[PDB]
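There are 4 protein chains.
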Amino acid sequence: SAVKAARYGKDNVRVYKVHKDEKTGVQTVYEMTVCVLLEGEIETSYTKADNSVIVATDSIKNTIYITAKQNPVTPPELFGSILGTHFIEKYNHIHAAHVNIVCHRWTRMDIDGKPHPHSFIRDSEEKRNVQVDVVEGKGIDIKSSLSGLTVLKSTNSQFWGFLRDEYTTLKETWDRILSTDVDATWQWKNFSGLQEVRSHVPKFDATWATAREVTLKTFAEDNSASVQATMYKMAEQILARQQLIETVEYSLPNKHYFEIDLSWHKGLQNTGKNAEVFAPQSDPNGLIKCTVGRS
Amino acid sequence: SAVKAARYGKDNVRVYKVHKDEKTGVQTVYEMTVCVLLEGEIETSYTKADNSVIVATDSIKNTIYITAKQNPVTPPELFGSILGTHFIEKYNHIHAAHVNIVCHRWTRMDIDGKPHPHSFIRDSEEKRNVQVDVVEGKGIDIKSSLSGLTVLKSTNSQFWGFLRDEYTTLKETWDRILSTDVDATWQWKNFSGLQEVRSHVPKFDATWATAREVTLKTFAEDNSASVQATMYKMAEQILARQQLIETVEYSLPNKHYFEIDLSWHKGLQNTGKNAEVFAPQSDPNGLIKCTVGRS
Amino acid sequence: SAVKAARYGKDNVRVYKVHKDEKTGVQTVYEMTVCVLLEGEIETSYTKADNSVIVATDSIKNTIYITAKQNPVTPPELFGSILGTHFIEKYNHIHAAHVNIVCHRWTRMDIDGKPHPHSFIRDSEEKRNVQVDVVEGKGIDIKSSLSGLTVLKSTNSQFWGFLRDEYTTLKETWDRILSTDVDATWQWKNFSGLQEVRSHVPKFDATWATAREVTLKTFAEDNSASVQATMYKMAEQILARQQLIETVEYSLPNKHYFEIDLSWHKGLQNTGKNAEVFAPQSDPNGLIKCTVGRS
Amino acid sequence: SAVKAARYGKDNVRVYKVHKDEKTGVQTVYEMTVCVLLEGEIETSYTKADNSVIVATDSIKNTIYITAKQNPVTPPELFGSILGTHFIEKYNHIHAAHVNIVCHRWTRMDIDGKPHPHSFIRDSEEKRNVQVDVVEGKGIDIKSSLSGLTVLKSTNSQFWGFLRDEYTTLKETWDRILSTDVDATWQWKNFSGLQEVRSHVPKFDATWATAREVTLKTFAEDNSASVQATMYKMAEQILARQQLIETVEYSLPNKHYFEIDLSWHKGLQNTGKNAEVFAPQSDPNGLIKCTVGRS
Ligand SMILES: Nc1nc2[nH]cnc2c(=O)[nH]1
Ligand SMILES: Nc1nc2[nH]cnc2c(=O)[nH]1
Ligand SMILES: Nc1nc2[nH]cnc2c(=O)[nH]1
Ligand SMILES: Nc1nc2[nH]cnc2c(=O)[nH]1
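Protein chains in written order, with the authors' numbering: chain A, 1 to 295; chain B, 1 to 295; chain C, 1 to 295; chain D, 1 to 295.
Following this line, the structure appears as structure tokens:
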């Protein structure tokens, strides 16, 4: 036997960083969860019990803190590039670094119609993430994403015209609730190294804001023919707004809300046009994906 | 042996209800999770296998749907009173109903600086809850609450002057991060029955908004001497704003963010006044509670 | 306003302890999660920002480690009594200690039909817990419990004869799946202090083993008329086996497995006596409780 | 823009199946969670709102129930092959089916030293899984796995000789606790179709039992030089025992248990050779992976 692939590192490293404007007295906090996995010439640690090739996972954790201390942690696409680049340049036998970052929301509180200087609130569980792969001699691959964005529209969603055969019991509908947890990923064109990533810095936050806005507007306005059709429209718009993106990927659960027939109880009418009370279903759920790129 | 206490019912009943304004075309959704437990003369179901006294848990579930269909589901203190009252009046041998409701947020989306008629987003995992106990001949006891409100302030929090003995290693501090998940409960004065609850309807939503606002403002503005001191101030204000409240209860975790000493690495300064990078701690955590009432 | 009730302390303190037999070379591990909340004369910490009365939560955490170091951590009813007693004797103004302990399973591995000296496996998520309230001048109240015991029987469970009215749609049945997560608590008679608890040490583990065994045997053998009837039988037996127990409490979810009618598909028969494939339901679920004591 | 990749289907389909031996009266239950995602000529559902190409996710759910009704659900590698094969043969425009199955444990209860005919208990949260990809014209790819196997050894684990530089603070050790959650996957050689999978049926369960046993024995007996070294030894043995396996993959977290220095308290000795009380750390954790194949 032989080692076909190997990676190791530190997972679930929680990091918080505060920025203090001495001028204005305004404070800004950043909180994230970091994973860093390394690859290189480390086979002997597995095959020969040779630990000399191992950069201890505890040292990797130390390095994340130090890096966060000496560099900006935002935007995450930059911080992740700096962190991955560090491992491949510092260690001769390490040739790839895979860095995953999850940014948690800490939103400035508004007190009395005015932004508070140092108080924050977590508004929802929606995350902004980055996956950065830094490979010696192959540049920097970045995939940015937003996830945990949960939305629902109570009408203007349809589903009819689908295949019908002896396995089908689902009825066609012209009016239904559509609810989902949005997971959207945009993959950037490969970057030659850190200097190139630094040159595109302003595009990261703007592209994140754009993906979010397009996602929300398209969901709210589209008279949805299906989840498939609505998601393609979002992805089409994101690609058209940012040329440096190669592919957009969406992964959407269809969280079902079933009508409850109450007619067995005093002829109570609660179906079709009279539907008011529904039962949200925990499982199972439809799962719909699509990767859209440039023709 | 004998049955000293008994209750049974249906838990985790998810309910969704939509309101459609035919005039404006505006839709409003309500989503909640309901638990209903009953008590009464049901001992024989346990002792003698006598199921004749049992209102099937499946029937209790049916009843929640029917009740939601025929009545307003908001404010939750009213819907819960209606639901509990129903069981004790309908069934002769049922003398207490305990109804718990958790309201999930579905917040109208703003598209292009304007409220969307039928699209919603879950902004955070913060809940509004109610506990309603409807006891035959003893009226209606209601406890309302908000939970899952997660906040953090990066400065203006202190902790010094505490007891020091041979078990103490904690250092006094004049500047620290304060973060917590707020769980606040206000207990209403006992109500004689449904007609009395209906008479106070407008006070429910207003008191909920008040508890939230006071909680947020006090946390942000108080130069906190301790979690204990800050929570008492919140509770004091809520009691002063609403006379129909008998007691306010707060339960607050103190989620710790530790300084990271980086001086072993090139004399890097990251403690005290130079602290920028912290390590959020998952556990353990301080847990601080207090019940405040009227003197 | 005034402080009606107050308690504070440390939650989620994870503790591991290893015992090494120098003779046999056999090692035994104990892992638990501890919560300790204190009460006493601490009102001024809330009302006057007077921290002098506060035993820091960090010190409480230190104390748990020290106590675990100097005393046996098993059985948990003893360790919890020692820990609570410590706070009320050490601090003059602290009059009650509430200690909660959750024991996690680490079960000796069997390698080659033989017990391994120092390797363990977590077999299931079932917990053994204790709640200990140590109140100055009122002795020691202990509630022991087992939870997270998940079981299912595929037949020999019935449910018929229940009340039927206009809210009922559930059909009577003579054969069904019964599945639940067992939560059983036995409350001990009040103890005068530590010396009395020490005198009953051997009864703790034996009573825990007994509750478990009776729970499992009764569930498997009873031709269940209802969850209510089966749980009363368990509680009756536990009370008869241990006189020092005052009350047994059971709290049982009824996790439903619905039949799937497949007759719309080629007359496939999958209901009643032909039922083979079921759909486990995540929610909602029946919740059945009962507290049984001595007549 | 264009669709580069697309898949859709049903996730979280919970299925239970009971087998009743009319002879012996012995019942056997199987419980699983199934995901099925399809690919084929379905681009137009995204691009043109053409639902005619869509096999409704609800129909996919129906099909899982029907398939489970007409076929054995064990071993899971077979059931998954049958299910995936069904979609590609039945639908002309569907060319790949991806089926994921998670098997939950329901272990026959032993009552009075004897196997009970129809009562079961969930012993741990350990899963047996399968991933089956059925691609038209490319046969059947199966990856089997076990996950959620949580183990700990209190001694006979070392970690010394690792790289040391200015980022290192970790001390070398010759004696430590080693704890992890085992995730092991074995990939089978490609199968030509269902008839070939049926021919190897007996090898599935045996290979699963083998992977488990080797994993447990190697963990318990190896005087571990590192997680890397111990995992390679397991994978080496699995490959040697089953020729039809092409690659073994392990993914192991290193769950840390830190020593607690108690010397600041009365010179209490709790480090190195005197270590008895440890603090289990929730995060961060080391993450170590390796894919081992044939030379
Ligand atoms: N939008 C949408 N709804 C569905 N309901 C059942 N299947 C589907 C599907 O593929 N798409
Ligand atoms: N606010 C606050 N911080 C603490 N840190 C340690 N103990 C305490 C406590 O009781 N209150
Ligand atoms: N055992 C049992 N099954 C039920 N199914 C519906 N209600 C009940 C109940 O109260 N007990
Ligand atoms: N086994 C093991 N322990 C570690 N502790 C820190 N890093 C490592 C590592 O790579 N392997």
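Ideal Cβ positions, reconstructed from N, Cα and C, are used throughout, including at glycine.
| task | Assign B:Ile140 to one of three DSSP states: helix, strand, or coil. | result | Reading the second sequence from its first residue, position 140 is the one you call residue 140 of chain B. B:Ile140 falls in the strand class under three-state DSSP.
| query | What residues from the region 154 to 172 of chain C come within 9 angstroms of chain A, judged by C-beta to C-beta, listed N to C? | reply | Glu166, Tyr167, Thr169
| field | Cross-chain neighbours of C:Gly80 in chain B, by beta carbon under 8 angstroms | value | Within the third sequence, residue 80 of chain C is the residue found at index 80, counting from 1. Those do not exist, as C:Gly80 stays about 17 angstroms from chain B at its closest Cβ, beyond 8 angstroms.
| Positions along the region 110 to 124 of chain C whose CB lies within less than 8 angstroms of some CB in chain D | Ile111, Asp112, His116, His118, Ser119, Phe120, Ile121, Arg122, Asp123, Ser124
| task | Quick one: using the 10 Å Cβ neighbour count with 16 as the cut-off for buried, is A:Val214 buried or exposed? | result | The residue you call residue 214 of chain A lines up with position 214 of the first sequence. Counting Cβ neighbours within 10 Å, A:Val214 comes out buried, since at least 16 surround it.
| request: Take the Cβ of B:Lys273 as the centre, count every other Cβ of all protein chains shown within 10 Å, and call the residue buried at 16 or more, exposed below. | output: Position 273 of the second sequence, counted from the start, is the residue given in the question as residue 273 of chain B. So B:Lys273 counts as exposed.
| Counting along the chain, where does the beta strand (DSSP E) carrying B:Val102 start and finish? | Within the second sequence, residue 102 of chain B is the residue found at index 102, counting from 1. Taken as a continuous stretch (DSSP letters only), the beta strand (DSSP E) holding B:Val102 covers 94 to 104.
| said: Cβ closer than 9 angstroms: which chain C residues qualify as neighbours of B:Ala2? | reply: As a working note, residue 2 of chain B is residue 2 in the second sequence. Per Cβ cutoff of 9 angstroms: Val292, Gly293, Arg294, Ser295.
| task | Could you confirm whether any beta carbon from chain C is found closer than 7 angstroms to the beta carbon of A:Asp261? | result | Counted from its first residue, the first sequence places residue 261 of chain A at position 261. Not an interface residue.
| task | Enumerate in chain order the residues of its own chain whose CB-to-CB distance from D:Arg212 is below 7 angstroms, with the five nearest sequence positions on each side excluded. | result | To locate residue 212 of chain D, count along the fourth sequence from 1; it is residue 212. Closer than 7 angstroms at the Cβ level, and outside the excluded window around D:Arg212, lie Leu146.
| query | Ends of the beta strand (DSSP E) at C:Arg108? | reply | Taking the third sequence and counting its residues from 1, the one referred to as residue 108 of chain C is at position 108. It spans 107 to 110 - the beta strand (DSSP E) in which C:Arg108 sits, taken as one unbroken run.
| Interface residues of the region 257 to 288 of chain D facing chain B [CB-CB below 8 angstroms] | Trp264, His265, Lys266, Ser282, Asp283
| query | Rounded to the nearest angstrom, how far is the Cβ of B:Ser144 from that of B:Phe219, given a contact under 8 angstroms? | reply | Counted from its first residue, the second sequence places residue 144 of chain B at position 144. Counted from its first residue, the second sequence places residue 219 of chain B at position 219. Contact flag wrong, Cβ pair sits at about 20 angstroms.
| For D:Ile82, the three-state DSSP class (helix, strand or coil) | The count along the fourth sequence starts at 1 and reaches residue 82 of chain D at position 82. If DSSP states are grouped into helix, strand and coil, D:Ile82 belongs with the helices.
| How long is the line joining the alpha carbons of C:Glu276 and A:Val102, rounded to whole angstroms? | Position 276 of the third sequence holds residue 276 of chain C. Position 102 of the first sequence holds residue 102 of chain A. Distance from the CA atom of C:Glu276 to the CA atom of A:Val102, rounded to whole angstroms, is 44 angstroms.
| query | Does any residue of chain C bring its CB to less than 7 angstroms from the CB of D:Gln27? | reply | Within the fourth sequence, numbered from 1, the residue matching residue 27 of chain D stands at position 27. Interface flag for D:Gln27 against chain C is set, since a Cβ pair is found closer than 7 angstroms.
| said: As an exercise, report each continuous alpha helix (DSSP H) stretch of at least 4 residues that is fully enclosed by the region 213 to 294 of chain C, in chain order. | reply: List check, alpha helix (DSSP H) in window: 227 to 241.
| request: Kindly say whether C:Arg176, judged by its beta-carbon, lies nearer than 7 angstroms to any beta-carbon of chain D. | output: Within the third sequence, the letter at position 176 stands for residue 176 of chain C. So, not an interface residue.
| request: Given a cut-off of 7 angstroms, decide if C:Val36 and C:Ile60 are closer than it, judged by their beta-carbon atoms. | output: If you number the third sequence from 1, residue 60 of chain C lands on position 60. If you number the third sequence from 1, residue 36 of chain C lands on position 36. Closer than 7 angstroms, so yes.
| Element boundaries [beta strand (DSSP E), containing B:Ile121] | For the purposes of this step, residue 121 of chain B is taken as residue 121 along the second sequence, with counting starting at 1. Residues 115 to 121.
| message | I'd like to know if C:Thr150 contacts chain D, where contact means its C-beta is closer than 7 angstroms to some C-beta of that chain. | response | One-based indexing of the third sequence puts residue 150 of chain C at position 150. The beta-carbon of C:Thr150 is placed less than 7 angstroms from the nearest beta-carbon of chain D.
| message | Given a cut-off of 7 angstroms on the beta-carbon distance, is the pair A:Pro284 and D:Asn12 in contact? | response | Working through the first sequence from its first residue, we reach residue 284 of chain A at position 284. Working through the fourth sequence from its first residue, we reach residue 12 of chain D at position 12. Closer than 7 angstroms, so yes.
| task | May I have the straight-line CA-CA distance separating C:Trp264 from B:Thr150, to the nearest angstrom? | result | The residue given as residue 264 of chain C occupies position 264 in the third sequence. The residue given as residue 150 of chain B occupies position 150 in the second sequence. Taking the straight line joining both Cα atoms gives about 50 angstroms.
| Of the residues C:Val18, C:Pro76, C:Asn51, C:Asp21, the one placed nearest C:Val197, counting alpha carbons only | Numbered from its first residue, the third sequence carries residue 197 of chain C at position 197. Checked all of C:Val18, C:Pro76, C:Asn51, C:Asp21; the closest Cα to C:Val197 is C:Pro76.
| query | Beta carbon of A:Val53: closer than 6 angstroms to some heavy atom of ligand 4? | reply | Translated into positions along the first sequence, residue 53 of chain A becomes position 53. In this structure, the C-beta of A:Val53 stays at least 6 angstroms away from each heavy atom of ligand 4.
| said: Run through the DSSP bridge pairs and tell me what B:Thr168 is partnered with. | reply: Numbered from its first residue, the second sequence carries residue 168 of chain B at position 168. None; B:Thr168 has no bridge partner.
| said: Quick check: C:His116 and D:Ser154, are their CB atoms within less than 7 angstroms of each other? | reply: For the purposes of this step, residue 116 of chain C is taken as residue 116 along the third sequence, with counting starting at 1. For the purposes of this step, residue 154 of chain D is taken as residue 154 along the fourth sequence, with counting starting at 1. Cβ distance not < 7 angstroms, so C:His116 and D:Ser154 don't count as in contact.
| C-beta neighbour in chain C for B:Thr57, strict 7 angstroms | The residue labelled residue 57 of chain B in the question sits at position 57 within the second sequence. Output row for B:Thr57: interface = yes.
| Are B:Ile260 and B:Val248 closer than 7 angstroms when you measure CB to CB? | Taking the second sequence and counting its residues from 1, one reaches residue 260 of chain B at position 260. Taking the second sequence and counting its residues from 1, one reaches residue 248 of chain B at position 248. No, these two residues do not count as a Cβ contact at 7 angstroms.
| said: Between C:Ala220 and chain D, is any beta-carbon pair separated by less than 7 angstroms? | reply: Numbered from 1 along the third sequence, position 220 holds the residue referred to as residue 220 of chain C. Yes, C:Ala220 counts as interfacial toward chain D.
| query | Does the region 33 to 51 of chain C come close enough to the region 221 to 240 of chain B that 3 or more CB-CB pairs lie under 8 angstroms? | reply | Taking a cut-off of 8 angstroms for Cβ pairs, the region 221 to 240 of chain B and the region 33 to 51 of chain C touch, as three or more such pairs fall below it.
| field | Which listed residue (D:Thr168, D:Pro202, D:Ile121, D:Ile64) has its alpha carbon closest to that of A:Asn62 | value | Along the first sequence, one-based indexing puts residue 62 of chain A at 62. When each option's Cα is compared against that of A:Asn62, the closest is D:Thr168.
| query | In chain D, what lies closer than 7 angstroms to A:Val13 by C-beta? | reply | For the purposes of this step, residue 13 of chain A is taken as the residue at position 13 of the first sequence. What A:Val13 touches in chain D: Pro284.
| Listing by chain order, which chain D residues have their CB less than 8 angstroms from the CB of C:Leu83? | Here residue 83 of chain C refers to the residue found at position 83 of the third sequence. Within 8 angstroms Cβ-Cβ: nothing; C:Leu83 doesn't reach chain D, min ~13 angstroms.
| query | Any chance the CB of A:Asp58 is under 6 angstroms from a heavy atom of ligand 4? | reply | As a working mapping, residue 58 of chain A is identified with position 58 in the first sequence. Yes, the Cβ of A:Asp58 comes within 6 angstroms of a heavy atom of ligand 4.
| 6 angstroms CB neighbourhood of B:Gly40 in its chain, flanking five on each side removed | Walking along the second sequence from the start, residue 40 of chain B turns up at place 40. Closer than 6 angstroms at the Cβ level, and outside the excluded window around B:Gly40, lie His93, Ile94, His95.
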